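Let me begin by presenting the structure, written as structure tokens, before commenting on it.
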Amino acid sequence: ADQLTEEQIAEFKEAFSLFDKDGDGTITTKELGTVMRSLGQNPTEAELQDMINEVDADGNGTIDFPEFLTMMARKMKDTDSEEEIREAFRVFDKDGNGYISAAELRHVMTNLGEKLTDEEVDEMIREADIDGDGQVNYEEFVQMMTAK
Amino acid sequence: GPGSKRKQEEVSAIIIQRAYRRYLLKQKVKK
């Protein structure tokens, strides 16, 4: 779900170390958003203040490498978190029954967003539905997609 | 119209599309 890969960690390692003052594995709370912009992400001042409220609760004005990766995980989860997917599915769930009709999910997935391919939206129904009855159970599908 | 949701409907789909194509990598993983 929220784990970084060794490729994500080494990219964040380099971009964080580009603003490390001593090689001690740390930056300032002021440099945080400049470090995020080195990864090409431009955060809002309200987002930076909210992340620093939790990371710098002692008011030191500083952040360590693992405390930066702590927020960078959540900033990546803003497009694919388990709670984000469960809420996004509940918008399509017609009854609140914890499921979506196979032709209904096939409609949304090929009307809205990036579009899935003809065989790719079909591949979704094979594993989103328990047996191919025409009922996707998204409450299991979200757990399956987010599990390592 | 009753039950209208287009603002949220069109953006909710994208979150599931990110999750789905990420999971597709597990269906083609090296073994």
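Naming scheme: A, B, ... for chains in displayed order of the structure tokens; residues 1 onward per chain; ligands 1 onward as shown.
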Quiz prompt | Residue list for chain B near chain A as a list in words, 6 Å, only C-alpha atoms | solution = residues 10, 12, 13, 14, 15, 16, 19 and 23 of chain B
Exercise. Give me every alpha helix (DSSP H) residue in chain B, going by DSSP on the backbone, as number ranges by chain.
Key: B: 6-24
Using DSSP secondary structure from the backbone, list all strand (DSSP E or B) positions within segment 3-145 of chain A, as a CSV table (one decimal) with C-alpha atoms, in the first residue's frame.
chain,number,residue,atom,x,y,z
A,26,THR,CA,18.6,16.5,7.8
A,27,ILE,CA,17.1,19.8,6.3
A,28,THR,CA,15.1,22.8,7.6
A,62,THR,CA,14.3,20.8,11.2
A,63,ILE,CA,13.4,17.5,9.5
A,64,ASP,CA,15.3,14.2,9.1
A,100,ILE,CA,-20.6,-2.5,-8.0
A,101,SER,CA,-22.2,-4.1,-11.1
A,129,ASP,CA,-16.0,-10.4,-9.5
A,135,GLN,CA,-21.1,-8.4,-9.8
A,136,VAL,CA,-17.8,-6.8,-8.8
Self-check item: Length of the atom CA of residue 118 of chain A to atom CA of residue 9 of chain B vector [Å]
Solution: 20.8 Å
Exercise. Compare A:71, A:106, A:83, A:122 by their minimum atom-to-atom distance to residue 50 of chain A, counting only C-alpha atoms, and give me the closest one.
Key: A:71
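What separates atom CA of residue 39 of chain A from atom CA of residue 51 of chain A is a distance of 16.8 Å.
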